[PDB]
């Protein structure tokens, strides 16, 4: 039995291994620029941010979470309420002057009703959750470091993630495009799927992992720190099966790499 993201949130809530937010960006105004030009200015306040598309000076204010799993890199997550069912996650490396954004959109009902076999017929992706990625530099930072880029370094690992004493999953990073997950313990106990995913390298042994689910529409965004054996991220989906209220909740886990598989 598969479950809605709002019920997932409820299972992940208590005794979670989540990082405590930091206020370290409060008072900063960060100009995120990329190869297309200025993208979005973000000004941080306690618990919240104001964002402005650099071109139109159009944006919003949103409650936001900022966490710092590894020193010098900040994960910022907020819902963009000027758009339908959209979340925005950033990883900002202050000392290198580089950033990655993930802008995620959940599907309409009409999209979800196009079944997988028809999607096969039409050459459409199986997941209807959309994710756009940008990789840029921080305006005003002299001599920024290299842009973040895709990585193959997780492929072949099988890792267990203890999200709390009652929630535990494993991921198996199959290839550049797909990973398998299963819930070992939790409200999704015994469930498993393969889903579309994306891997980026943020720093030595630090990865940004993004997935997009095809059964229950879900966007996951997590930073995986294999040196600390810890992860920090979020899950975004509809609270229920009615395409209305959104669920966007913090997750964090202790990580254990169970094995590495090499195919001769």
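Positions refer to the first chain, counted from 1.
Note on 81-89 vs 168-176: mean CA B-factor is higher in 81-89.
The stretch 49-57 shows the higher mean C-alpha B-factor when 49-57 is compared against 217-225 in the entry. As recorded in the entry, 142 carries the highest CA temperature factor of 131, 154, 191, 142. Note on 160, 106, 73, 124: the highest value goes to 124, judged by CA B factor as recorded. Per the PDB record, residue ranking by Cα B-factor puts residue 22 in the highest third of the chain. In the deposited entry, the Cα temperature factor of residue 120 places it in the highest third of its chain's modelled residues. In this PDB entry, residue 38 carries a Cα temperature factor that places it within the highest third of its chain's modelled residues. Ranked by Cα temperature factor within the chain, residue 64 sits in the highest third according to the deposited record. Residue 248: CA B factor lies in the middle third for its chain, per the PDB record.
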